[PDB]
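Structure first, then comments.
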Amino acid sequence: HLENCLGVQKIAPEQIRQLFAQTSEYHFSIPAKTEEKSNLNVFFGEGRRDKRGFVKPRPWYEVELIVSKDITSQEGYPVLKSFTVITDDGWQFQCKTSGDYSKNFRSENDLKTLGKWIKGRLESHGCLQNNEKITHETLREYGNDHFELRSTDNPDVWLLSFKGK
DNA sequence: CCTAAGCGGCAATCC
DNA sequence: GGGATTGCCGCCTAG
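Here is the structure:
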């Protein structure tokens with residue numbers, strides 16, 4: 180679902196096999212929270228309100244990963260930085276950490292990009308359907324409730340995993 | 001001047 | 001009370 184998305188590139192399988200074969204100096208297990216108006220479920224939160232008073236609904240694939248201080252404060256974590264992310268299923272796009280405490284982990288220049296990777300993967304495995312809330316059952320049915328954020332010898336390129344079963 | 005969403009931070013919550 | 005945390009809302013500014 181990410182092939183035709185602007186800013187997203189395809190990384191060859193053999194290029195992936197080598198990258199993930201390296202051991203990371205920094206590794207993080209970012210929890211997939213089940214918050215209902217934030218995180219994976221930003222779609223169910225309030226829309227964006229204009230000065231006229233209209234509230235425009237969020238796109239279905241708009242998501243964020245809010246990372247706690249317990250992981251943010253850890254050494255090596257990209258605080259308020261932009262970086263390249265290479266996914267375990269062979270996709271590359273830009274991400275940027277932002278907000279207070281640099282808690283907000285999002286795809287860069289298109290919030291939907293990270294959403295299409297996460298929700299798309301959930302949908303593809305049949306654990307989620309359009310306009311449905313992501314719950315503990317969704318993650319249990321998928322087979323994983325954490326994202327793996329790993330460092331690479333290049334300080335501006337990270338590895339990101341969300342394998343199921 | 002509008003338009004729009006990227007992402008910066010308001011504010012609800014806890015102790 | 002208000003420092004700490006972050007779930008959630010919408011300001012801000014590029015184009």
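Mapping of the first sequence onto the UniProt record's numbering: residues 180 to 344, in sequence order.
All C-beta atoms, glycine included, are put in the ideal place defined by N, C-alpha and C.
Taking the C-alpha atoms as reference points, what is the distance between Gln-188 and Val-336? Each residue's Cα considered, the two are about 14 Å apart.
Cβ neighbours of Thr-314 in the same chain (closer than 7 Å, five flanking residues each side left out): Excluding the 5 residues flanking it on each side, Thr-314 has same chain C-beta neighbours closer than 7 Å at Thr-213, in chain order.
Supposed close pair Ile-209, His-325 - CB separation, criterion 8 Å: For a cut-off of 8 Å, the C-beta gap from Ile-209 to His-325 is around 6 Å, short enough to register as a contact.
Tell me the start and end of each unbroken alpha helix (DSSP H) in the stretch 275 to 343 that is at least 4 residues and wholly inside, in chain order. Residue ranges of uninterrupted alpha helix (DSSP H) with 4 or more members, entirely inside the stretch 275 to 343 and ordered along the chain, are 290 to 303, 315 to 321.
Could you tell me the alpha carbon to alpha carbon distance between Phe-284 and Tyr-240, rounded to whole angstroms? When the Cα atoms are used, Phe-284 and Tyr-240 turn out to be separated by approximately 15 Å.
Just list the residues that DSSP pairs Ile-190 with in beta bridges. Per DSSP, none; premise fails for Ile-190.
Going by the CB atoms, is the gap between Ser-330 and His-180 shorter than 8 Å? No, the pair does not count as a contact, with Cβ atoms beyond the cut-off.
Runs of beta strand (DSSP E) lying entirely within the stretch 246 to 279, each at least 3 residues, in chain order: If only complete runs of 3 or more residues are kept, the stretch 246 to 279 shows the beta strand (DSSP E) at 261 to 266, 270 to 277, in order along the chain.
Candidates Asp-332, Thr-292, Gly-305, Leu-198: closest to residue 413 by CA position: No answer is possible for residue 413: it lies beyond the span of the chain, which begins at 180 and ends at 344.
Roughly how many whole angstroms lie between the Cα atoms of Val-221 and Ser-252? The C-alpha of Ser-252 is placed about 24 Å away from the C-alpha of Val-221.
Give me the Cβ distance between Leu-328 and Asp-267, rounded to the nearest whole Å; I'm assuming they're in contact under 8 Å. Actually they are not in contact, since the Cβ atoms of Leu-328 and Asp-267 sit about 11 Å apart, beyond 8 Å.
C-alpha gap between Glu-243 and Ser-286, whole angstroms: Roughly 8 Å separates the two Cα atoms.
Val-258 classed as buried or exposed, judged by whether at least 16 other C-beta atoms fall within 10 angstroms: It is exposed - the Cβ of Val-258 has fewer than 16 other Cβ atoms within 10 Å.
Under the DSSP definition of a beta bridge, which residues are partnered with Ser-208? The beta-bridge partner set that DSSP reports for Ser-208 consists of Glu-327.
Check whether the Cβ atoms of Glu-316 and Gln-308 lie closer than 8 Å to each other. Not in contact: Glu-316 and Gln-308 (Cβ atoms no closer than 8 Å).
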